[PDB]
DNA sequence: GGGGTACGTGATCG
DNA sequence: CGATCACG
Ligand SMILES: [Mg+2]
Ligand SMILES: [Mg+2]
């Protein structure tokens, strides 16, 4: 026993075998388990029914499926004893084949734990936790550069560079002559791909770091390897990287290794308008990175001139991907360990799903039958359940306070749990203020009980940190207490998460109602100190001392948190999040701020996406800069009025009017024909190979009808013959981009034109 | 060699 | 309107 890095299962003679991938004293070891059996639970109307239920049959892969063994078990459901039947199956793929046949049965009240993947079922049931121990993993960052031309089919252009980096340095493999110390010149695209395969197998990294390798680098490598008739044996069992369908996007796994894609991780952890590698690197390390755009890479490759610049960019991409991976992996590894699921899965999950995985493991440990995920009907009804207005204008010297560390303590002290809510024949209860929900005090609730243990464990870690003289364990314990804080602070939100198993609307409302008493205290104490509260949400607040010096606002705020935390009982804690030079607030989670270092931080306002024209994105950036960098809302209004007049008078270049939208299906599969699909159908008719992945660039022209009938492919646009729709670019592009921002200053859509 | 098929928001279609 | 579709 060393350190579990992953778990999966393989089929042998039609039977499942669990594979546990381990790292033991620097050596890769694979353990096999043939004895663990898949199962579900069935709640029956009467014990007699089991004789009919155990005889239920299904079909899978032409062969019939049966219930292997049945076992009567006593468990806890909704904080009540319950008798259910454990229905054993031969193979985990038998469960989706037979579960609906069992649920359909007249004697079956309900079925449970029927959507838990087999490898996760194993980890939970066997009490196995990944990423435990001091085991030191090896890492390798990998990146690729491709030859791309406007609106090409995914994979048409060859891979022209492959870069990798580790502690030994950053290297580039290319198949054109470049005279640089870190460049390896091979003969072909085929030999460059074979070289990457060789590097990976020889370095044998435990972790492969990419920046959006799930959707770009690995699908592209696989497509080009296919075209070239070569295999990619990157798995430690010599298997090829496996593309998995996660939502509408992809996820790539490399067996026996951890494919650590930084893109989903950084997107969750930090707030940015764009997640370009350059923006991300500057945000984390405060250092600038140069970008070489796709068109520049194409020009250099095709001409053979300026290739040294392209190779430096490729090398830096790998080098910074390595630095970022080493920065963000320790926290992902501690979250994995805390929820008891592999890094690959954990790094690609929301906190709501991390809470559910923690709860599922703790439910097994406590013999608690887990509730089911809602059906489409129940999921929609939860979204429909309904259950303070910001200060207008531009504010200077804004202080940010965080409330989130208040709620776990409220859940624990008031025993807020779906299993304690409105229980019959309960002797003592807590009543939520205003909402009136009653929570039984007769037993500790499942969630309050888990939260208490989490918070106690964090206090123990913090105590070990103060009393430790070792900087190495202090670093590790710091990630551990941080991982707990992240998990504990996600419970409040989870009660209201419509896809949650332990979803509880009355729990969320009650926590909000009890929480409000502390928010009202903070608000009152701030206001008596001369502070003006500009924005308040359940998460925190923004305040300033109108007309005060910035150092004075800071000093008073820091002194205020120190004071309030000394008045608030237990682990109830207020946090000073930060300070901002300027800011404005539109509504709930719609605001924009600027720090003292000139970095603009926004929430729910920016439109930095390819399906918005450059004119709209450029105008919005200019409006935000006029307001936050120049403190000038009159400048911002003049910007909009000038841009809209320029659109009216056909003074805007057509290149700034292009909309880009991806084709995601065969064209016949579309139900609603949007502008990009109408344009795509016309291209296909012209002989163009239209395939999913293709990005359609179009311009909306002047005329009668919906925009779809008036959209033209950019390659077909002729400035002499065609006239763009100025009304569409004004009303549907530019004004929507700025109208929300300017509403915070008293302007309506009508006020932003001449 | 498997395996749960994000999520939240806004636009344009029908 | 609800339904469909795409962004990151
Ligand atoms: Mg897996
Ligand atoms: Mg790159």
Considering (1) within 16 Å of DNA strand C (Cβ to nearest atom); (2) in contact with a strand residue (DSSP E or B) (Cβ under 9 Å, 6 or more places away or on another chain); (3) under 23 Å from residue A:226 (Cα atoms), say which one residue A:254 fails and leave the rest. (1)
For the stretch A:445-471, give me each residue that is in a loop (DSSP other than H, G, I, E, B) and either assigned by CATH to the domain that holds residue A:504 or surrounded by 18 or more Cβ atoms within 10 Å (Cβ to Cβ) (or both). A:445
Hits in the stretch A:535-578 - residues which are in a strand (DSSP E or B), in contact with a strand residue (DSSP E or B) (Cβ under 6 Å, 6 or more places away or on another chain) and farther than 24 Å from residue A:509 by Cα: A:543, A:544, A:577, A:578
Residue by residue through the stretch A:241-251, note down the ones that are more than 16 Å from DNA strand C (Cβ to nearest atom) and touching a helix residue (DSSP H, G or I) at 6+ places or on another chain (Cβ under 7 Å). A:241, A:243
Given the options A:141, A:119, name the one that is under 25 Å from the mean Cα position of the chain (by Cα) and outside the structural domain of residue A:342 (by CATH). A:119
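What number of residues within the stretch A:418-429 satisfy the criterion of being buried (at least 16 other Cβ atoms within 10 Å of the Cβ) and farther than 20 Å from residue A:503 by Cβ?
In the first step, residues of the stretch A:418-429 are kept if they are buried (at least 16 other Cβ atoms within 10 Å of the Cβ); the result is A:418-421, A:423, A:429.
Now narrow it down to the ones that are farther than 20 Å from residue A:503 by Cβ: A:429.
Summing the residues that are buried (at least 16 other Cβ atoms within 10 Å of the Cβ) and farther than 20 Å from residue A:503 by Cβ in the stretch A:418-429 gives 1.
Test residue A:324 against the stated conditions and say whether it is within 16 Å of DNA strand C (Cβ to nearest atom), crowded, with 20+ Cβ neighbours inside 10 Å and over 30 Å from residue A:86 (Cβ atoms). Steps first, please.
Numbers: within 16 Å of DNA strand C (Cβ to nearest atom): yes; crowded, with 20+ Cβ neighbours inside 10 Å: yes; over 30 Å from residue A:86 (Cβ atoms): yes.
Answer is yes for this residue.
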Restricting the stretch A:291-325 to residues that are touching a helix residue (DSSP H, G or I) at 6+ places or on another chain (Cβ under 7 Å) and part of a loop (DSSP other than H, G, I, E, B), which is nearest to residue A:152 (Cα to Cα)? A:292
Restricting attention to the stretch A:123-132, does a residue exist that is more than 25 Å from the chain's Cα centre (by Cα) and either under 30 Å from residue A:219 (Cα atoms) or crowded, with 19+ Cβ neighbours inside 10 Å (or both)? no
Please name all residue pairs, on different chains or six or more residues apart, with Cβ atoms under 7 Å, provided the first residue is in the stretch A:604-615 and is at negative phi and the second residue is part of a loop (DSSP other than H, G, I, E, B) and within 10 Å of DNA strand C (Cβ to nearest atom). A:606/A:273; A:608/A:273; A:608/A:274
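Out of A:649, A:641, I need the residue that is under 27 Å from residue A:746 (Cβ atoms) and more than 29 Å from the chain's Cα centre (by Cα). Which one?
On the way: A:649 fails: under 27 Å from residue A:746 (Cβ atoms).
The unique qualifying residue is A:641.
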Checked the stretch A:14-34 for anything more than 9 Å from DNA strand B (Cβ to nearest atom) and over 18 Å from residue A:239 (Cα atoms); matches are A:15, A:23, A:24, A:25, A:26, A:27, A:33, A:34
Residues being within 29 Å of the chain's Cα centre (by Cα) and part of a loop (DSSP other than H, G, I, E, B): count how many of those fall in the stretch A:219-232. 1
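Within the stretch A:332-365, take every residue that is assigned to a loop (DSSP other than H, G, I, E, B) and either out of contact with any helix residue (DSSP H, G or I) (no Cβ under 7 Å at 6 or more places or on another chain) or within 16 Å of ligand 2 (Cβ to nearest atom) (or both) and give me the one that is farthest from residue A:126 (Cα to Cα).
Step one: filter the stretch A:332-365 for residues assigned to a loop (DSSP other than H, G, I, E, B), giving A:340-342, A:347-350.
Filter again for either out of contact with any helix residue (DSSP H, G or I) (no Cβ under 7 Å at 6 or more places or on another chain) or within 16 Å of ligand 2 (Cβ to nearest atom) (or both), leaving A:349-350.
On the way: A:349: 22, A:350: 25 Å.
Ranking the qualifying residues of the stretch A:332-365, first place goes to A:350.
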Residue A:97 away from ligand 2 (no atom under 16 Å from the Cβ) and either under 30 Å from residue A:257 (Cα atoms) or not assigned by CATH to the domain that holds residue A:8 (or both): no
Looking at (1) within 16 Å of DNA strand C (Cβ to nearest atom); (2) part of a loop (DSSP other than H, G, I, E, B); (3) in contact with a helix residue (DSSP H, G or I) (Cβ under 8 Å, 6 or more places away or on another chain), find the lone condition where residue A:700 falls short. (2)
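Residues are listed down the side, and each one gets a yes or a no for (1) loosely packed, with under 15 Cβ neighbours inside 10 Å; (2) touching a helix residue (DSSP H, G or I) at 6+ places or on another chain (Cβ under 6 Å):
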position: A:664; (1), (2): yes, no
position: A:689; (1), (2): yes, no
position: A:710; (1), (2): no, no
position: A:715; (1), (2): yes, no
position: A:722; (1), (2): yes, no
position: A:726; (1), (2): no, yes
Selection from the stretch A:614-638 of residues within 18 Å of residue A:393 (Cβ to Cβ), in contact with a helix residue (DSSP H, G or I) (Cβ under 6 Å, 6 or more places away or on another chain) and part of a helix (DSSP H, G or I) yields A:623, A:626, A:627, A:633, A:635, A:636
Give A:739, A:715, A:750 a once-over and let me know the one that is in a helix (DSSP H, G or I), farther than 30 Å from residue A:586 by Cβ, more than 28 Å from the chain's Cα centre (by Cα) and not assigned by CATH to the domain that holds residue A:389. A:715
Any residue at all in the stretch A:59-82 that is more than 16 Å from ligand 2 (Cβ to nearest atom), touching a strand residue (DSSP E or B) at 6+ places or on another chain (Cβ under 8 Å), assigned to a helix (DSSP H, G or I) and within 30 Å of residue A:419 (Cβ to Cβ)? no
Looking only at the stretch A:105-131, and only at residues there that are away from ligand 1 (no atom under 16 Å from the Cβ) and in contact with a strand residue (DSSP E or B) (Cβ under 6 Å, 6 or more places away or on another chain), the one that is farthest from residue A:189 (Cα to Cα): A:107
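For neighbour counting, all protein chains shown are included, and Cβ atoms are generated from backbone atoms with ideal geometry for every residue, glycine included. The values are calculated or read from the model by the stated rules, or taken from the named source; no laboratory instrument gave them.
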